[PDB]
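Reading through the structure tokens given below for one structure.
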Amino acid sequence: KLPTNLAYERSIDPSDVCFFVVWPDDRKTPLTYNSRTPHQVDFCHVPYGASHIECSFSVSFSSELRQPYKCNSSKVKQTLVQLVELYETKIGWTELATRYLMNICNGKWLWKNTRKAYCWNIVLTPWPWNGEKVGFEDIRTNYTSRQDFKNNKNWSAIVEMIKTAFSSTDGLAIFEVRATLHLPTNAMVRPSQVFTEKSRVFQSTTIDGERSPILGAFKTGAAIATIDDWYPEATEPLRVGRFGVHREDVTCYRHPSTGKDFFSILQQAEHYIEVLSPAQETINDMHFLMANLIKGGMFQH
Amino acid sequence: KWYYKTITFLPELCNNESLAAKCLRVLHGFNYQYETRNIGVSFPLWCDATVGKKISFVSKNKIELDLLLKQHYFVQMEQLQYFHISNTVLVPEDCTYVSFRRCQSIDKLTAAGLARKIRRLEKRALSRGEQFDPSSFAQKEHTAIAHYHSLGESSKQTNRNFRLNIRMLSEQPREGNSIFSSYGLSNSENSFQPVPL
RNA sequence: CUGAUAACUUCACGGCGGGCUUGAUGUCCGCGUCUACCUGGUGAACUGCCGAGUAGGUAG
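Protein chains in written order, with this note's numbering: chain A, 191 to 491; chain B, 76 to 272.
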């Protein structure tokens, strides 16, 4: 098992985020910050007189989880091809597609910029699509649980077209996303920060000539992937990794002494063909196994 | 013929801002009961990073400096020996020579302070004509601020955590025959009065 | 308690003359580097006043 060369490619493709300042006269400018001074400290705020703040990125749902990228062995080839093909039938792509979509819908990718906000609205723009712009208005007081989304006019088609994008070979689904944040006057905005191996240096880009912060493309890929609450006695959803690492406290769950990490389940691949040919925990760890093949990564020793 | 009251700031675990303010807040209660204008700033061990221990008190009428010194703070901090009284000595007339002045420019640089500013410029242009926008008001990218050793202070009347900003200027051998104010100054309405340290 | 005991090698000095390394030269043919990544400012330095002022000053 694990024959020294195995790797997958990712299946979710988020981009950078861009901050624009809309004026009352329907004019949009890029949100620019200030620097203060080696030792350098940055400061960003909403300019006075502005209505609200806009954000736009894009994400794609492709099908690179059906076969690996390099495989080195035709016994780990047809085994992992059969697992993703049997999970499509007995379980279905419903429980994963709903969890990834809600973190796009409820503004989870706005990390700490929603605290002290009056109202924010999020508009999707799917493709391929015959119909209308999809809306999610006043999300704090209208959309809070899995059921408020299921009452929507356009939830049956956007849980769909991701389910086909994982099931059909050479599939594709692309979402444009836009959000408007009604923040109070002179409110602070929190973008991503440059690493600077040992403060608060912003990750910037050039939009229309002047510099503007981004809040990252690996930063917004972490927010969508927080769907993991199958580690034992789970209280909070974590980001999908091989050893269940939590960031705020520097512990990690999912440790190999427990027997619940990825490399002690991936070795057990032949065991799970038998049951799927059971709804207690043999399901609740394939949701962790499928969310690792959608993640990517080199799997080799 | 000035005096000086050298203090000693000993106990090795102590803040340099909260104790230089509270020894000045007990000076701030003064000049609201005995309204004088004569007591200065005079840090002997000012340095660049992490200002040191000693502060002093300088005046020419030079008997209120002991009247200020017994005002329910050294009579309240006496036994657990944080500080002690100096020897009340005439200042020798050849020494180093600095000046302490409130800058107050730094306070109107922070992003809340510039929104505090362009709010005021909105209303005082009530003589009409143009219809201006707040779009053409910005701080650009670059303000290089080295060091100013801020001193935080709570307001007397209300609950505001305001702050002071005073730096070093050492020249000009003749201004200010003891024309200080409530906090001790070299900027406002009188002179740029230097200090003999 | 030494193949023991003691011990001045010195003075003087012109290497020189002369000298053509040359003629000729094709380094070439082929080529996929790639897969996966969170840096973590809670609220925090707040509100006036003079001046036409993105200059300047001034308050607690």
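For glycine and all other residues, C-beta sits at the position ideal for the given N, C-alpha and C.
C-beta contact flag for B:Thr-171 and B:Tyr-78 at 8 Å: Mapped onto the second sequence, residue 171 of chain B falls at position 96. Mapped onto the second sequence, residue 78 of chain B falls at position 3. Not a contact, by the Cβ cut-off of 8 Å.
Residue environment, B:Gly-115, which counts as buried when at least 16 other CB atoms sit within 10 Å: Translated into positions along the second sequence, residue 115 of chain B becomes position 40. The residue is buried, with at least 16 neighbouring Cβ atoms inside 10 Å.
CA-to-CA distance, A:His-491 to A:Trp-319, given in whole angstroms: Position 129 of the first sequence, counted from the first residue, corresponds to residue 319 of chain A. Position 301 of the first sequence, counted from the first residue, corresponds to residue 491 of chain A. Their backbone Cα atoms lie some 44 Å apart in a straight line.
Exposed unless 16 or more other CB atoms sit within 10 angstroms - verdict on B:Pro-167: By one-based count along the second sequence, residue 167 of chain B stands at place 92. Classification of B:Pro-167: exposed, given that the 10 Å Cβ count is below 16.
Distance cut-off 7 Å: B:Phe-267 Cβ against heavy atoms of the ligand ADP: Questions concerning the ligand ADP fall outside what the structure shown contains, since it holds no ligand whatsoever.
The stretch 273–280 of chain A in contact with the stretch 326–334 of chain A per 3-pair CB rule at 8 Å: no
Run of the beta strand (DSSP E) containing A:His-477, from where it starts to where it stops: Residue mapping note: residue 477 of chain A aligns to position 287 of the first sequence, counting from 1. Note, A:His-477: premise wrong, no beta strand (DSSP E); alpha helix (DSSP H) at 476–483.
Option in A:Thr-269, A:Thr-425, A:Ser-263 with minimal Cα separation from A:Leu-196: Your numbering for residue 196 of chain A matches position 6 in the first sequence. Answer by Cα proximity: A:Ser-263.
Within chain B, partners of A:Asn-376 - CB distance below 8 Å: Here residue 376 of chain A refers to the residue found at position 186 of the first sequence. Chain B residues near A:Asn-376: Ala-186, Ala-187, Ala-190.
Local conformation of A:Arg-336 per DSSP, three classes: Counting from 1 along the first sequence, the entry for residue 336 of chain A is found at position 146. Of the three classes helix, strand and coil, the one that applies to A:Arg-336 here is helix, per DSSP.
Local conformation of B:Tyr-157 per DSSP, three classes: Position 82 of the second sequence, counting from 1, holds the residue named residue 157 of chain B. Note: B:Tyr-157 maps to coil in three-state DSSP.
Any C-beta of chain B under 8 Å from that of residue 156 of chain A: Lying outside 191 to 491, the shown extent of chain A, residue 156 of chain A is not represented and no answer is given.
Within 8 Å of chain A by C-beta, residues of the stretch 190–224 of chain B in sequence order: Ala-190, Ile-193, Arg-194, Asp-208, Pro-209, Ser-210, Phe-212, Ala-213, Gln-214, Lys-215, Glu-216, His-217, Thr-218, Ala-219, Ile-220
Cβ shell of A:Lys-302 (< 7 Å), same chain only, five flanking positions each side left out: Taking the first residue of the first sequence as position 1, residue 302 of chain A is located at position 112. Excluding sequence neighbours, A:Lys-302 sits near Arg-380.
Proximal residues to A:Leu-221 (C-beta, below 6 Å), its chain only, five neighbours per side dropped: For the purposes of this step, residue 221 of chain A is taken as residue 31 along the first sequence, with counting starting at 1. The residues are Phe-209, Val-211, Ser-402.
For A:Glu-327, three-class secondary structure by DSSP: In the first sequence, the residue the question calls residue 327 of chain A occupies position 137. If DSSP states are grouped into helix, strand and coil, A:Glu-327 belongs with coil.
Whole-angstrom distance between A:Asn-376 and A:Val-236, CA atom to CA atom: The sequence position of residue 236 of chain A within the first sequence is 46, counting from 1. The sequence position of residue 376 of chain A within the first sequence is 186, counting from 1. Their backbone Cα atoms lie some 5 Å apart in a straight line.
Pick from B:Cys-178, B:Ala-96, B:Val-150, B:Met-152 that is closest to B:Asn-262, judged by C-alpha positions: Taking the second sequence and counting its residues from 1, one reaches residue 262 of chain B at position 187. Nearest in C-alpha terms to B:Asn-262, of all of B:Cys-178, B:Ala-96, B:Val-150, B:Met-152, is B:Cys-178.
Interface flag, A:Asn-341 vs chain B, CB-CB below 8 Å: For this step, residue 341 of chain A is matched to residue 151 along the first sequence. With 8 Å as the cut-off, A:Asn-341 does not count as an interface residue toward chain B.
Sub-8 Å separation of B:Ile-130 and B:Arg-176 beta-carbons: Position 55 of the second sequence holds residue 130 of chain B. Position 101 of the second sequence holds residue 176 of chain B. For B:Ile-130 and B:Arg-176, no; Cβs fall outside 8 Å.
C-beta atoms of A:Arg-289 and A:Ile-417 nearer than 8 Å: The count along the first sequence starts at 1 and reaches residue 289 of chain A at position 99. The count along the first sequence starts at 1 and reaches residue 417 of chain A at position 227. At the C-beta level, A:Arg-289 and A:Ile-417 come within 8 Å of one another.
At least 3 beta-carbon pairs within less than 8 Å: the stretch 227–245 of chain A vs the stretch 278–293 of chain A: no
Minimum Cβ-Cβ distance from A:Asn-303 to chain B less than 8 Å: Here residue 303 of chain A corresponds to residue number 113 of the first sequence, with the count starting at 1. False, the Cβ-Cβ gap to chain B never drops below 8 Å.
Cα-Cα separation, A:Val-266 to A:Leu-479: In the first sequence, the residue the question calls residue 266 of chain A occupies position 76. In the first sequence, the residue the question calls residue 479 of chain A occupies position 289. Approximately 15 Å between the Cα atoms of the pair.
Beta-carbon neighbours of A:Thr-396, restricted to chain B and to distances below 9 Å: For the purposes of this step, residue 396 of chain A is taken as residue 206 along the first sequence, with counting starting at 1. Ordered by position in chain B, no residue passes the 9 Å Cβ test against A:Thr-396, which lies about 13 Å from the chain.
CB-CB length for A:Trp-299 against A:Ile-364, believed under 8 Å: Indexing the first sequence from 1 puts residue 299 of chain A at position 109. Indexing the first sequence from 1 puts residue 364 of chain A at position 174. About 16 Å separates the two Cβ atoms, so there is no contact after all.
Anticipated Cβ contact below 8 Å, A:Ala-369 with A:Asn-311, distance rounded: Reading the first sequence from its first residue, position 179 is the one you call residue 369 of chain A. Reading the first sequence from its first residue, position 121 is the one you call residue 311 of chain A. About 7 Å separates the CB atoms of A:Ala-369 and A:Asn-311; that is less than 8 Å, so the two are in contact.
Candidates A:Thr-359, A:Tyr-198, A:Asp-439, of which the one nearest A:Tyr-259 by Cα: Residue mapping note: residue 259 of chain A aligns to position 69 of the first sequence, counting from 1. Of the listed residues, the one whose Cα sits closest to A:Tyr-259 is A:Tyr-198.
8 Å CB neighbourhood of A:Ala-413 in its chain, flanking five on each side removed: Here residue 413 of chain A refers to the residue found at position 223 when the first sequence is read from its first residue. Close CB contacts of A:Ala-413 within its chain, under the 8 Å cut and outside five residues either way in sequence, are with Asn-293, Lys-298, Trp-299, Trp-301 (chain order).
Residue of B:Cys-122, B:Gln-268, B:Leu-260, B:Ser-257 minimising C-alpha distance to B:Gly-251: For the purposes of this step, residue 251 of chain B is taken as the residue at position 176 of the second sequence. Residue B:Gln-268 is the option with its Cα nearest to B:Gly-251.
Sheet register partners of A:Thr-370 (DSSP bridge): By 1-based counting over the first sequence, the position of residue 370 of chain A is 180. DSSP lists A:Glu-244, A:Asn-311 as partners of A:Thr-370.
Against chain B: residues of the stretch 235–247 of chain A by CB proximity under 9 Å: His-235, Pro-237, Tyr-238, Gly-239, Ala-240
Reference A:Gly-431; option with closest CA among A:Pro-468, A:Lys-218, A:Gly-487, A:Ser-389: As a working mapping, residue 431 of chain A is identified with position 241 in the first sequence. Minimum Cα distance to A:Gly-431 is reached at A:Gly-487.
Other residues of its chain near B:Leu-165: CB distance less than 7 Å, five sequence neighbours each side excluded: Looking up residue 165 of chain B in the second sequence gives position 90. Excluding residues within five positions, the ones whose Cβ falls inside 7 Å are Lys-76, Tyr-78.
Chain-ordered neighbours of A:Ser-225 on chain B, where CB pairs are closer than 9 Å: Within the first sequence, the letter at position 35 stands for residue 225 of chain A. Under the 9 Å cutoff, chain B gives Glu-216, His-217, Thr-218.
First and last residue of the uninterrupted alpha helix (DSSP H) at A:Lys-280: One-based indexing of the first sequence puts residue 280 of chain A at position 90. Note, A:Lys-280: alpha helix (DSSP H), 266–280.
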